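As structure tokens, one chain now follows by itself in the form deposited in one PDB entry.
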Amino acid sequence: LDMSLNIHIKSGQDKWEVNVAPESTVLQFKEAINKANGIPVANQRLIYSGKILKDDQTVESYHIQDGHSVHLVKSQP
């Protein structure tokens, strides 16, 4: 079976939930976030463990675990 991570996305008072494969790139993670909240991929800055997530790295590479949270900051592309 495919593995999956349930990740909470936080921005101020707002929170959304997505479900993504560990092997997915951050670009595909942002696409899942866009489906959940409508914020364009180009405008998403994601932060986990104090680090901005890079589009060509995987979710797993940042050691994001099932049920953790990632911070979203709307930013200019």
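Residue numbers run from 1 along the displayed sequence.
The discussion below concerns the form deposited with a partner chain bound, not included here.
Asks: Under a 4.5 Å heavy atom criterion, is residue 38 part of the interface with the partner chain in the bound PDB entry?
Replies: Although the partner chain is absent here, residue 38 would stay clear of it in the bound PDB entry, with no heavy atoms inside 4.5 Å.
Asks: Since only the chain is shown here, I'm wondering whether residue 27 would be in contact with the partner chain in the bound PDB entry (any heavy atom pair within 4.5 Å).
Replies: Close contact is absent here: in the bound PDB entry, residue 27 is far from the partner chain, nothing within 4.5 Å, heavy atoms only.
Asks: Could you tell me if residue 8 has a non-hydrogen atom within 4.5 Å of the partner chain in the bound PDB entry?
Replies: Contact check for residue 8: no, nothing within 4.5 Å of the partner chain in the bound PDB entry.
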